[PDB]
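Each of the two blocks below gives one form of the same protein chain as structure tokens; they are labelled structure 1 and structure 2.
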Structure 1
């Protein structure tokens, strides 16, 4: 009795338990879940990797240890008592054969529910999926598979990578990851919109001038530039995160909070988006900053791991349109990039000027902002009479900052909420087959054209806000930026 809406044994298999993702995220998260007592009484964690690692308490406690607490020492040891290891190659039935045995070896292993987390590279996916289905499936109880990277590099190829999994496991077993869907503020979007009347009748083309979905990271490609170069900022962030936020911000009210009823409304939106036009795109690549220090001086190409003549973009601003009765004509600006002046992700709606102005154009457009991170907050920039002996109005805002209002409660990491969702069996925060299909449908034409004609991205100094061209794009499409807005704490 936990899932907010008897007990049995569960086995959390961590495929690629030796990988960076496993030791730095997956493992920590699973322990936190156990720590707060969210994991069912009978749970066992079984790591699996290519290497024959030292003891299930020796190595896997040596490598991971992120956020340990002195007084937690007891429960900590208690946790490892649930942990175990198995080594093997990700392709020879022999290795997978002893894994299965090992699980049945566990108290009630044949009865337990099996949850497989694929914390490893997309290449191996095809094979891993294959093996798991044959030799490791539980005869009783459920089996679920979590895919860390639902993306490939091409439509028709990822179509096969996808299809293959779909021919072995049915959709209600496939849990595709997009961690942003598990962040406090992102989930909140649905509540803010559908449980409030002050936001209902305004959410439409008659009131909204444009929507801006932003994603910024202050650091560049910390040495591993070689890897990133294969995907490009679009495939890395825009295609998945921003798009999801877009869906949540534009979908129609669902029949209920049921996983599928919600996802249905999401995809319905995607089906109304026409393919991206090259005319609404701005690409940029970062160059090192001479006045900086450390990584700040080294530009993208200064990374030895990246091919000397690369044109891969680290920054991209794209404009999309939703063609339906509600958003017809409203621009959705997706802007993202690495090596910028800060770190943040927010949704911002700028509304239309008030009709029949009686204040001699002193007014500025209202805006609703939902800051996902950092310092999760939501506020509405509006007008108010300039306080004091003044007649004219000025900008101000109605604010809600979780940091002060809810100073006690600690916000869980995306992964905790997500994994728990998996235990509960709530696919609502996970990507569905058709959602994937539509995401490719929209971007492939552009992506293809980019690789073909290989456009040279606009250079932008490390630490700036990016190419001026991006701002000029936003303005042209409808966004009005007012540098006249003061803020204090």
Structure 2
């Protein structure tokens, strides 16, 4: 209905807040998607005013001059409270400030933790002691739900769970807010053309890909603590794997869906080192600008670091649907393109009557850029020719839906929290299983410090990764030629 909502941005002065959260909540406000009675409260160490956080963040709002009236109305709904992250008195002031807003004691409260995770423990304790509505609901959004290692994450998880119910905790994986990632469920479960085919009798392998064309861009020091597997694979690619592999849920209820995601992960064995390839980028002497510098040429990165900037890992789901089908998770920085993508490669047809001219069908869901889905298949070569040739059936959102704005993942996810939908957020048991799967590998890496394989900035990464894909059953012939039609 028209209840009052308070959106509290913890860490309001920090960069996640100023470049992403404040702009996102502004976009939702200006499109009429928030409850009419919404207030925004910033909280952080510095002693700021609203005018300060406005000056600091409005640069990222992309505000047209036509939006000035709405922009005034948005900042009239903003306030700020200065406080330390582990000072009970500061949180008492925050709670009073909230109770002093229109219907504050009654309002629903939404706490966005846009802070360093080293402080999550203190902030969650203090929010739960001083700041919960006695009447409205209380939800917290946790931005980095993974710690460094199973033990440190698990203690943080038990801490949060001893205070907050699972239906109050919204753990972010921002890929779950992307257009095509959400589309996986509909593509799979709303269509018969993809149902009977979606199993080990027809799928030869699955490939989940994340590529960025830039390196650590002078901020390698923050990255070096994590490495590419923690940064991108254990969270984003594993989430994509679940959506591709899950059985059909009893309904689209949040917990029916997340049950099926967790069920998939429970059937994955711990990754074996024999199925892993690690890489680290070096500079391209023939490139320009940042491309000439290797990972180790960033002076914020410890000298000699063996941290991986590229990884390819093969996982198996041991259940009736997927037994033996390799899931290849492939990710890296400083590669040849920006791309995130899901690919299924189907088996050869049985009983070939075309004299080995057929290639394997593939289904591709491209998450970014240029959101698209397409299916690579065989058609009779056009013209006076009898023989088959690869082509595709295509849906490209930029052509087919020219005028439709696809929202940023954070717009969608923040809105889901106002709505009470946990479906696109990571559940505790999902987190635990992700840790189980990767922990032995990560522990072995930390102990043995293996030297990753060098690859040149701007390339596709270590050729060993392609050999790994080939070994487990992916085929690449390089004969497919695509010419853009809507050009």
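Residue numbers count along the first chain shown, from 1. If you superpose the two forms and keep the largest set of C-alpha atoms that fall within 1.5 Å, you have the rigid core. Only residues modelled in both forms are compared.
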Quick check for you: superpose on the rigid core, then look between the two structures for a C-alpha move of 2 Å or more. Which of 61, 444, 433, 464 is it?
61
Shift in Å of the C-alpha at residue 101 between the two structures after core superposition:
0.8
I need the CA movement of residue 111 between the two structures once the rigid core is aligned, reported in Å.
1.0
Residue runs between the two structures with every C-alpha shifted 2 Å or more, at least 3 long, rigid core fitted, in sequence order please.
54 to 66
